């Protein structure tokens, strides 16, 4: 439960010089490094579990040796890249643990010849994107709308982004990877085998080992794409109409179009931010939406043309493109709780109406609506661990957030969210209610790896969220887990169990 001369001497010997031991002092490097990448303030209070030590390996070898060193002791290993885990699963642990922060492993190498990039797993989506923009104005990538999200976790869980309707998930565009196993062995795709290389591409972070790097195929983008970020202030009726048509418009659009929705309310006043992206020019985009979705009341000045980088930065809400390269630019200072859904049937407008009413009851709540279809429909459900492909229509996530001034009311917020999730149950996927691993959710349960009764039955107990996240791919994920980590060194409350 301590740090100690053994671990410290082991690190020092292997020349892993960047590490600090636990200290409550606000002005200590330990505390500062700890809270640097805690992206959900819900897990920042003094009662939360703290790492005995934080290690910041500066290279692949330092990472391997770090893992080797921690292995010599009793600590649970925690890997943190961007720290965007909704449940703080990268910096918390029931058992005493060591925090391996990967923020120094944030280097990108772009190959304009192969049109691929080697990305150290501590790189955020923003840093990667920015690198790409620096190297090329014809190239881009897709992984999710949040620039401060680490590639290490996001790609490990998939990565559903602004252009996933054309290119699929981030994990779907990974051609190689350097993963460090429980024994510090450095393995490329060649070394790790196709089952493990399959598993790490969406199978969840903190399960298979430490991804040192991702070799991703860079994605073509026109010199100019078109976007619009337009907040509509309306009543619940018009909002209901708009969302109800939105599901169909968005799902049935070509792959060169992405219409996502942020939404919220406050009694009478319902706000809906429309985020539109067109793989192409303003004229084509505005024409397409003027025909297909004229009820949006989108005008000429709403559609802006810009580079891909500028567009992602714009829809993320960043002031400039350069802000992408800033990993500590907080997206939102508020502690949050978010649950997600995936639909296979179209939503009745009463689902949207109920959602909007509930949102009107709680101004701190909001929703995010993304369409699937397009390229997502074409990729086989077993190409990568992410199963929700053909037949999947919408990703509907419900978020509730609050500042510290509101922290006393925490539970209420949670309660509200719970109700929302219960209200949406009949209209969404069933048997099982589908989930998404990057949208990790402990309400679905959790494994206590200290309880050997549970551990003996780990697989079936984990099936509850396992089928939710992966469906039919769960079995192959288990085989892969058994292959790459039979001693379950990489575990968390919802990690894939090894075979018995």
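Numbering follows the first chain given and starts at 1.
According to the deposited model, is the average Cα temperature factor higher in 95-103 or in 262-270?
Higher mean C-alpha B-factor in the PDB entry: 262-270.
If you average the Cα B factors in the entry, which is higher, 34-42 or 455-463?
It is 455-463 that shows the higher mean C-alpha B-factor.
Out of 250, 79, 281, 171, highest CA B-factor residue:
Within the set 250, 79, 281, 171, 250 shows the top C-alpha B-factor.
For the listed 489, 484, 24, 477, which has the peak Cα B-factor recorded in the PDB entry?
Result of the comparison over 489, 484, 24, 477: 24.
Record-listed C-alpha B factor of residue 147: chain third:
Its C-alpha B-factor belongs to the middle third of this chain's values.
Relative to the other modelled residues in the chain, which third contains the C-alpha temperature factor of residue 494: lowest, middle or highest?
As the PDB entry reports it, the C-alpha B-factor of residue 494 lands in the middle third of its chain.
Considering only modelled residues of the same chain, in which third does the CA B-factor of residue 67 rank: lowest, middle or highest?
Middle third, going by the recorded CA B-factors of the chain.
Among all modelled residues of this chain, ranked by Cα B factor, put residue 58 in the bottom, middle or top third, i.e. lowest, middle or highest.
It belongs to the middle third of the chain when residues are ordered by C-alpha B-factor.
Within this chain's modelled residues, let me know which third the CA B factor of residue 436 belongs to: lowest, middle or highest.
Its C-alpha B-factor, which the entry lists for residue 436, ranks in the lowest third among residues of this chain.
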